[PDB]
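These notes are about the structure you will find just below.
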Amino acid sequence: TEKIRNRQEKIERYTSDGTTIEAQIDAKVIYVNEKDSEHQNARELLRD
Amino acid sequence: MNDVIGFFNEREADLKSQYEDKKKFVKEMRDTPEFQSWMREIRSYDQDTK
Amino acid sequence: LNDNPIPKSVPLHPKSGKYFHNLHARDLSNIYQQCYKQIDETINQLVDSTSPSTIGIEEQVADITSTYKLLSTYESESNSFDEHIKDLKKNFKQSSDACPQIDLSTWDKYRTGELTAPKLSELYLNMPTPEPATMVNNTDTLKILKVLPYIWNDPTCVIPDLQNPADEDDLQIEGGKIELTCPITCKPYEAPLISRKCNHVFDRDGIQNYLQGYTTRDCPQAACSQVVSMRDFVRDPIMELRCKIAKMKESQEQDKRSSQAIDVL
Amino acid sequence: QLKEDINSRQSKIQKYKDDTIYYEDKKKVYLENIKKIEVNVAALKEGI
């Protein structure tokens with residue numbers, strides 16, 4: 001029973017951490033996509 | 001098969017416990033001369049009576 | 001049979017199930033989408049660097065569209081392959097979920113021969129190919145091709161049945177009668193827009209000057225009584241492709257006229 | 001790298017779920033065991 005309760009508390013804390021870090025990776029994907037437009041911006045500046 | 005080897009280890013531990021029980025049996029076989037010195041002699045010392 | 005001391009079949013263990021869940025396929029999606037994007041952008045820079053003086057464009061568009069359809073088929077079959085691999089691993093996990101325990105009796109039964117736990121080996125060596133159907137033709141990159149042929153004769157014309165997807169080459173491109181200027185602005189547009197419901201091309205500045213002011217405004221053209229909103233309009237790159245190709249042809253013919261004036265003088 | 005880390009922790013969550021399933025199985029096994037043992041000691045007392 002103590003194995004079950006610590007396993008389920010680890011599961012719920014890992015689910016909460018996974019939701020938080022999935023929001024984080026979504027934000028980071030949007031960030032790297034907006035910086036890709038900054039990547040192409042600097043690329044066009046270098047080309048010019 | 002590593003888990004099966006661990007199961008073999010616990011089984012051979014049970015077999016060592018069985019050997020310990022057998023050592024208790026040979027100790028009971030050792031406790032026999034305590035009276036077998038008289039149990040083996042009742043076949044010999046009383047020639048006609050036996 | 002006794003060729004292998006280990007049993008030919010073996011159940012699954014939670015310690016092994018941990019690593020089994022740790023299995024993952026390679027990130028083919030991102031590399032495939034980025035190579036697709038580099039392929040379409042290099043196709044765009046090809047169709048931008050073309051010139052009317054270059055003769056022999058039919059063979060080059062044929063080979064580039066053959067390469068395009070080949071890479072599309074390869075990507076689709078790889079997608080089907082990884083989907084089938086996921087289905088196979090799900091089958092493996094659901095077959096191992098009903099596996100027996102681990103002890104000496106089960107080991108002996110599986111060593112003497114007991115076809116109870118099917119391994120992934122036999123299911124993977126003769127795995128059924130997915131054979132994907134419904135070829136992906138709705139991609140805009142597939143719409144990019146075939147617009148280069150049949151344009152050196154009359155770029156400012158569009159046959160009404162051009163949107164017919166009955167042909168295998170992404171469209172039925174032929175000569176027709178269409179306007180190259182926007183009637184709202186009365187000027188040859190450089191930023192065109194057209195929706196699937198109205199099927200009418202218009203300038204972006206003209207359509208935004210005509211749309212603002214009313215929350216529900218129909219199209220200026222006839223034969224479409226339904227209202228068209230901002231979300232109904234879609235960005236069709238074929239129209240701007242044709243306009244910029246016509247502009248390039250005009251610049252080329254002007255350069256040719258200037259060179260001829262140089263020669264005659 | 002952190003996306004692969006997310007995949008690995010999701011696999012670990014699945015492993016923990018399977019471990020909790022096995023723990024519930026052994027728990028219900030022990031429950032049936034103690035139930036048969038308690039009805040045994042019952043039938044003993046009834047008579048003892």
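Chains: A, B, ... in order of the structure tokens. Residues: from 1 per chain. Ligands: from 1, in order shown.
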Compile a residue-level contact table for chain D against chain A at a cut-off of 12 Å, reporting for every qualifying residue the shortest atom pair and its distance in Å to one decimal, with only C-alpha atoms counted, rows ordered by chain and ascending number, as JSON lines.
{"residue": "D:1", "atom": "CA", "partner": "A:25", "partner_atom": "CA", "distance": 11.3}
{"residue": "D:2", "atom": "CA", "partner": "A:25", "partner_atom": "CA", "distance": 8.5}
{"residue": "D:3", "atom": "CA", "partner": "A:25", "partner_atom": "CA", "distance": 7.8}
{"residue": "D:4", "atom": "CA", "partner": "A:25", "partner_atom": "CA", "distance": 11.5}
{"residue": "D:5", "atom": "CA", "partner": "A:21", "partner_atom": "CA", "distance": 10.5}
{"residue": "D:6", "atom": "CA", "partner": "A:18", "partner_atom": "CA", "distance": 7.5}
{"residue": "D:7", "atom": "CA", "partner": "A:18", "partner_atom": "CA", "distance": 10.1}
{"residue": "D:8", "atom": "CA", "partner": "A:18", "partner_atom": "CA", "distance": 11.3}
{"residue": "D:9", "atom": "CA", "partner": "A:14", "partner_atom": "CA", "distance": 8.1}
{"residue": "D:10", "atom": "CA", "partner": "A:18", "partner_atom": "CA", "distance": 8.2}
{"residue": "D:11", "atom": "CA", "partner": "A:14", "partner_atom": "CA", "distance": 11.4}
{"residue": "D:12", "atom": "CA", "partner": "A:11", "partner_atom": "CA", "distance": 9.3}
{"residue": "D:13", "atom": "CA", "partner": "A:11", "partner_atom": "CA", "distance": 6.3}
{"residue": "D:14", "atom": "CA", "partner": "A:11", "partner_atom": "CA", "distance": 9.1}
{"residue": "D:15", "atom": "CA", "partner": "A:11", "partner_atom": "CA", "distance": 10.1}
{"residue": "D:16", "atom": "CA", "partner": "A:7", "partner_atom": "CA", "distance": 6.7}
{"residue": "D:17", "atom": "CA", "partner": "A:11", "partner_atom": "CA", "distance": 7.7}
{"residue": "D:18", "atom": "CA", "partner": "A:7", "partner_atom": "CA", "distance": 10.5}
{"residue": "D:19", "atom": "CA", "partner": "A:7", "partner_atom": "CA", "distance": 8.2}
{"residue": "D:20", "atom": "CA", "partner": "A:4", "partner_atom": "CA", "distance": 6.0}
{"residue": "D:21", "atom": "CA", "partner": "A:4", "partner_atom": "CA", "distance": 9.2}
{"residue": "D:22", "atom": "CA", "partner": "A:4", "partner_atom": "CA", "distance": 9.8}
{"residue": "D:23", "atom": "CA", "partner": "A:4", "partner_atom": "CA", "distance": 6.6}
{"residue": "D:24", "atom": "CA", "partner": "A:4", "partner_atom": "CA", "distance": 7.7}
{"residue": "D:25", "atom": "CA", "partner": "A:4", "partner_atom": "CA", "distance": 11.1}
{"residue": "D:26", "atom": "CA", "partner": "A:1", "partner_atom": "CA", "distance": 10.4}
{"residue": "D:27", "atom": "CA", "partner": "A:1", "partner_atom": "CA", "distance": 7.8}
{"residue": "D:28", "atom": "CA", "partner": "A:1", "partner_atom": "CA", "distance": 11.1}
{"residue": "D:30", "atom": "CA", "partner": "A:1", "partner_atom": "CA", "distance": 11.3}
{"residue": "D:31", "atom": "CA", "partner": "A:1", "partner_atom": "CA", "distance": 11.8}
Let's have the selection written as a JSON list (two decimals), in the first residue's frame, with C-alpha atoms.
[["chain", "number", "residue", "atom", "x", "y", "z"],
["D", 1, "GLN", "CA", 17.12, 17.18, -25.93],
["D", 2, "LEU", "CA", 14.40, 18.22, -23.47],
["D", 3, "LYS", "CA", 11.74, 16.88, -25.85],
["D", 4, "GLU", "CA", 13.50, 13.51, -25.74],
["D", 5, "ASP", "CA", 13.56, 13.96, -21.96],
["D", 6, "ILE", "CA", 9.78, 14.49, -22.05],
["D", 7, "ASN", "CA", 9.39, 11.31, -24.10],
["D", 8, "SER", "CA", 11.53, 9.38, -21.61],
["D", 9, "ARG", "CA", 9.60, 10.68, -18.60],
["D", 10, "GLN", "CA", 6.33, 9.79, -20.34],
["D", 11, "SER", "CA", 7.70, 6.27, -20.84],
["D", 12, "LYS", "CA", 8.62, 6.26, -17.14],
["D", 13, "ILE", "CA", 5.07, 7.33, -16.27],
["D", 14, "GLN", "CA", 3.73, 4.43, -18.35],
["D", 15, "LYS", "CA", 6.12, 2.09, -16.53],
["D", 16, "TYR", "CA", 4.91, 3.43, -13.18],
["D", 17, "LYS", "CA", 1.32, 2.84, -14.31],
["D", 18, "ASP", "CA", 2.15, -0.77, -15.18],
["D", 19, "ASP", "CA", 3.89, -1.12, -11.81],
["D", 20, "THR", "CA", 0.80, 0.20, -10.03],
["D", 21, "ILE", "CA", -1.31, -2.29, -12.00],
["D", 22, "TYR", "CA", 0.94, -5.14, -10.87],
["D", 23, "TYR", "CA", 0.85, -3.80, -7.31],
["D", 24, "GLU", "CA", -2.96, -3.74, -7.35],
["D", 25, "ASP", "CA", -2.92, -7.30, -8.70],
["D", 26, "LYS", "CA", -0.68, -8.53, -5.88],
["D", 27, "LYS", "CA", -2.76, -6.49, -3.41],
["D", 28, "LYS", "CA", -5.99, -8.20, -4.45],
["D", 30, "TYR", "CA", -3.10, -10.85, -0.76],
["D", 31, "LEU", "CA", -6.67, -9.71, -0.04]]
**Report entry** range 2-17 of chain B surroundings by only C-alpha atoms, 10 Å radius, close-in-sequence under 5 positions cut, as a list in words
**Finding:** residues 22 and 23 of chain B; 13, 15, 102, 103, 104 and 107 of chain C
With a cut-off of 10 Å, could you pull out the residues of chain C touching chain D and give me the nearest pair of atoms for each, distance in Å to one decimal, using only C-alpha atoms, ordered by chain and ascending number, as CSV?
residue,atom,partner,partner_atom,distance
C:14,CA,D:19,CA,6.8
C:15,CA,D:15,CA,8.7
C:16,CA,D:15,CA,9.6
C:17,CA,D:15,CA,6.7
C:18,CA,D:15,CA,5.1
C:19,CA,D:11,CA,8.2
C:20,CA,D:11,CA,8.6
C:21,CA,D:11,CA,5.0
C:22,CA,D:11,CA,5.1
C:23,CA,D:11,CA,8.0
C:24,CA,D:7,CA,7.9
C:27,CA,D:4,CA,9.6
C:97,CA,D:18,CA,9.3
Requested in this report: Might you pull out every residue within 10 Å of residue 245 in chain C, with only C-alpha atoms counted and same-chain residues fewer than 5 positions away left off, and present them as a ChimeraX atom specification?
Outcome: /C:47-52,148,151-152,155,239-240,250-251
Would you write out those residues with N, CA and C atoms, as a PDB file, in the first residue's frame?
ATOM      1  N   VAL C  47      11.611  28.752 -60.201  1.00  0.00           N
ATOM      2  CA  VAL C  47      10.615  29.421 -61.031  1.00  0.00           C
ATOM      3  C   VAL C  47      10.756  30.935 -61.002  1.00  0.00           C
ATOM      4  N   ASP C  48      11.510  31.477 -60.043  1.00  0.00           N
ATOM      5  CA  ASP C  48      11.797  32.907 -60.038  1.00  0.00           C
ATOM      6  C   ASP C  48      12.989  33.241 -60.926  1.00  0.00           C
ATOM      7  N   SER C  49      13.968  32.339 -61.007  1.00  0.00           N
ATOM      8  CA  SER C  49      15.169  32.577 -61.794  1.00  0.00           C
ATOM      9  C   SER C  49      15.008  32.209 -63.263  1.00  0.00           C
ATOM     10  N   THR C  50      13.828  31.751 -63.675  1.00  0.00           N
ATOM     11  CA  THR C  50      13.610  31.388 -65.066  1.00  0.00           C
ATOM     12  C   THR C  50      13.603  32.634 -65.950  1.00  0.00           C
ATOM     13  N   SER C  51      13.718  32.406 -67.255  1.00  0.00           N
ATOM     14  CA  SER C  51      13.725  33.471 -68.244  1.00  0.00           C
ATOM     15  C   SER C  51      13.078  32.969 -69.525  1.00  0.00           C
ATOM     16  N   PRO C  52      12.355  33.838 -70.240  1.00  0.00           N
ATOM     17  CA  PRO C  52      11.727  33.405 -71.498  1.00  0.00           C
ATOM     18  C   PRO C  52      12.724  33.036 -72.581  1.00  0.00           C
ATOM     19  N   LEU C 148       4.080  26.588 -64.745  1.00  0.00           N
ATOM     20  CA  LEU C 148       5.104  27.120 -65.636  1.00  0.00           C
ATOM     21  C   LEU C 148       4.837  26.737 -67.092  1.00  0.00           C
ATOM     22  N   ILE C 151       2.319  28.886 -70.265  1.00  0.00           N
ATOM     23  CA  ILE C 151       2.232  30.267 -69.814  1.00  0.00           C
ATOM     24  C   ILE C 151       2.930  31.240 -70.757  1.00  0.00           C
ATOM     25  N   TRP C 152       3.844  30.771 -71.607  1.00  0.00           N
ATOM     26  CA  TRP C 152       4.545  31.650 -72.534  1.00  0.00           C
ATOM     27  C   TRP C 152       3.673  32.104 -73.698  1.00  0.00           C
ATOM     28  N   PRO C 155      -0.237  34.582 -70.608  1.00  0.00           N
ATOM     29  CA  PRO C 155      -0.326  34.501 -69.141  1.00  0.00           C
ATOM     30  C   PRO C 155      -1.567  35.168 -68.578  1.00  0.00           C
ATOM     31  N   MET C 239      -1.666  32.571 -58.369  1.00  0.00           N
ATOM     32  CA  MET C 239      -2.019  33.839 -59.000  1.00  0.00           C
ATOM     33  C   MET C 239      -0.842  34.808 -58.988  1.00  0.00           C
ATOM     34  N   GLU C 240      -0.243  35.028 -57.814  1.00  0.00           N
ATOM     35  CA  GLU C 240       0.913  35.914 -57.737  1.00  0.00           C
ATOM     36  C   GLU C 240       2.097  35.353 -58.514  1.00  0.00           C
ATOM     37  N   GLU C 250       7.637  40.655 -69.276  1.00  0.00           N
ATOM     38  CA  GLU C 250       7.598  42.022 -69.783  1.00  0.00           C
ATOM     39  C   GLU C 250       8.959  42.694 -69.664  1.00  0.00           C
ATOM     40  N   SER C 251       9.640  42.507 -68.531  1.00  0.00           N
ATOM     41  CA  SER C 251      10.980  43.069 -68.382  1.00  0.00           C
ATOM     42  C   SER C 251      11.948  42.453 -69.387  1.00  0.00           C
TER      43      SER C 251
END
Report task. Extract, using only C-alpha atoms, all DNA, RNA and protein residues at most 12 Å from range 191-208 of chain C, discarding same-chain residues fewer than 5 positions from it, and format them as a ChimeraX atom specification. Result -> /C:158,160-163,178-186,213-214,217-244
Generate a file of the selected residues that holds N, CA and C atoms, formatted as a CSV table (one decimal), in the first residue's frame.
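Result written to result_21.csv:
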chain,number,residue,atom,x,y,z
C,158,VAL,N,-7.2,32.7,-68.4
C,158,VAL,CA,-7.5,31.5,-67.5
C,158,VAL,C,-8.7,30.9,-68.0
C,160,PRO,N,-12.0,28.6,-67.8
C,160,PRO,CA,-12.9,28.4,-66.6
C,160,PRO,C,-12.8,27.0,-66.0
C,161,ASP,N,-12.5,26.0,-66.7
C,161,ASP,CA,-12.3,24.6,-66.2
C,161,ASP,C,-10.9,24.3,-65.7
C,162,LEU,N,-10.1,25.4,-65.4
C,162,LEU,CA,-8.8,25.1,-64.9
C,162,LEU,C,-8.8,24.5,-63.5
C,163,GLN,N,-9.8,24.8,-62.7
C,163,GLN,CA,-9.9,24.2,-61.4
C,163,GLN,C,-10.4,22.8,-61.3
C,178,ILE,N,-9.6,35.8,-69.1
C,178,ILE,CA,-9.7,36.3,-67.8
C,178,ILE,C,-9.1,37.7,-67.7
C,179,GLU,N,-9.4,38.4,-66.7
C,179,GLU,CA,-8.8,39.8,-66.5
C,179,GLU,C,-7.6,39.7,-65.6
C,180,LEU,N,-6.6,40.5,-66.0
C,180,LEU,CA,-5.3,40.6,-65.2
C,180,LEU,C,-5.3,41.8,-64.3
C,181,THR,N,-6.3,42.7,-64.3
C,181,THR,CA,-6.4,43.9,-63.5
C,181,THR,C,-7.6,43.7,-62.5
C,182,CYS,N,-7.5,44.4,-61.4
C,182,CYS,CA,-8.6,44.4,-60.4
C,182,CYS,C,-9.6,45.5,-60.8
C,183,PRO,N,-10.9,45.2,-61.0
C,183,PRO,CA,-11.8,46.2,-61.3
C,183,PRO,C,-12.1,47.3,-60.3
C,184,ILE,N,-11.8,46.9,-59.0
C,184,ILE,CA,-12.0,47.9,-57.9
C,184,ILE,C,-10.9,49.0,-58.0
C,185,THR,N,-9.6,48.6,-58.3
C,185,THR,CA,-8.5,49.5,-58.3
C,185,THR,C,-8.2,50.0,-59.8
C,186,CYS,N,-8.7,49.3,-60.8
C,186,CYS,CA,-8.4,49.6,-62.2
C,186,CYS,C,-6.9,49.6,-62.5
C,213,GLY,N,-15.9,48.7,-43.5
C,213,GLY,CA,-17.1,49.5,-43.5
C,213,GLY,C,-18.4,48.7,-43.3
C,214,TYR,N,-18.4,47.4,-43.6
C,214,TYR,CA,-19.6,46.6,-43.4
C,214,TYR,C,-19.1,45.2,-42.8
C,217,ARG,N,-20.3,41.9,-46.3
C,217,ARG,CA,-20.3,42.5,-47.6
C,217,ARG,C,-20.0,41.4,-48.6
C,218,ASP,N,-20.9,41.3,-49.6
C,218,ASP,CA,-20.7,40.3,-50.7
C,218,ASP,C,-19.6,40.7,-51.6
C,219,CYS,N,-19.3,39.8,-52.5
C,219,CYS,CA,-18.3,40.0,-53.5
C,219,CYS,C,-18.8,41.0,-54.6
C,220,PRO,N,-17.9,41.8,-55.1
C,220,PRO,CA,-18.3,42.8,-56.2
C,220,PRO,C,-18.8,42.1,-57.4
C,221,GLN,N,-18.3,40.9,-57.8
C,221,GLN,CA,-18.7,40.2,-59.0
C,221,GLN,C,-20.0,39.5,-58.7
C,222,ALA,N,-20.7,39.1,-59.8
C,222,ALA,CA,-22.0,38.5,-59.8
C,222,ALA,C,-21.8,37.0,-59.7
C,223,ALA,N,-22.9,36.3,-59.9
C,223,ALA,CA,-23.0,34.8,-59.8
C,223,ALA,C,-22.7,34.2,-58.4
C,224,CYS,N,-22.5,35.1,-57.4
C,224,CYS,CA,-22.2,34.6,-56.1
C,224,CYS,C,-23.0,35.5,-55.1
C,225,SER,N,-24.2,35.1,-54.7
C,225,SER,CA,-25.0,35.8,-53.8
C,225,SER,C,-24.6,35.7,-52.3
C,226,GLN,N,-23.8,34.6,-52.0
C,226,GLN,CA,-23.4,34.4,-50.7
C,226,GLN,C,-22.3,35.4,-50.2
C,227,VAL,N,-22.3,35.8,-48.9
C,227,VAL,CA,-21.4,36.7,-48.4
C,227,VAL,C,-20.1,36.1,-48.2
C,228,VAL,N,-19.0,36.9,-48.3
C,228,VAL,CA,-17.6,36.4,-48.2
C,228,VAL,C,-17.0,37.2,-47.1
C,229,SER,N,-16.4,36.5,-46.1
C,229,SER,CA,-15.7,37.1,-44.9
C,229,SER,C,-14.2,37.1,-45.1
C,230,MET,N,-13.5,37.5,-44.1
C,230,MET,CA,-12.0,37.5,-44.2
C,230,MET,C,-11.5,36.1,-44.1
C,231,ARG,N,-12.1,35.3,-43.3
C,231,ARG,CA,-11.6,33.9,-43.1
C,231,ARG,C,-11.9,33.0,-44.3
C,232,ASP,N,-12.9,33.5,-45.2
C,232,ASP,CA,-13.2,32.7,-46.4
C,232,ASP,C,-12.1,32.8,-47.4
C,233,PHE,N,-11.4,34.0,-47.5
C,233,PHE,CA,-10.4,34.2,-48.5
C,233,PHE,C,-9.1,33.3,-48.1
C,234,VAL,N,-8.5,32.8,-49.1
C,234,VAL,CA,-7.3,32.0,-48.9
C,234,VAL,C,-6.2,32.5,-49.8
C,235,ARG,N,-5.0,32.3,-49.4
C,235,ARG,CA,-3.8,32.8,-50.2
C,235,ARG,C,-3.4,31.8,-51.2
C,236,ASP,N,-3.8,32.1,-52.5
C,236,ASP,CA,-3.4,31.2,-53.6
C,236,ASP,C,-2.1,31.7,-54.2
C,237,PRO,N,-1.0,31.0,-54.0
C,237,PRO,CA,0.3,31.5,-54.6
C,237,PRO,C,0.4,31.4,-56.1
C,238,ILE,N,-0.5,30.6,-56.8
C,238,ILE,CA,-0.5,30.5,-58.2
C,238,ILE,C,-0.7,31.8,-58.9
C,239,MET,N,-1.7,32.6,-58.4
C,239,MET,CA,-2.0,33.8,-59.0
C,239,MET,C,-0.8,34.8,-59.0
C,240,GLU,N,-0.2,35.0,-57.8
C,240,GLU,CA,0.9,35.9,-57.7
C,240,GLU,C,2.1,35.4,-58.5
C,241,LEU,N,2.2,34.0,-58.6
C,241,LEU,CA,3.2,33.4,-59.4
C,241,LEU,C,3.1,33.8,-60.9
C,242,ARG,N,1.8,33.7,-61.4
C,242,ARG,CA,1.6,34.1,-62.7
C,242,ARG,C,1.8,35.6,-63.0
C,243,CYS,N,1.4,36.4,-62.0
C,243,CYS,CA,1.6,37.9,-62.2
C,243,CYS,C,3.1,38.2,-62.3
C,244,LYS,N,3.9,37.6,-61.4
C,244,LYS,CA,5.3,38.0,-61.4
C,244,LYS,C,6.0,37.3,-62.6
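Reported to one decimal place, the separation of CA of residue 26 in chain C from CA of residue 17 in chain A is 24.2 Å.
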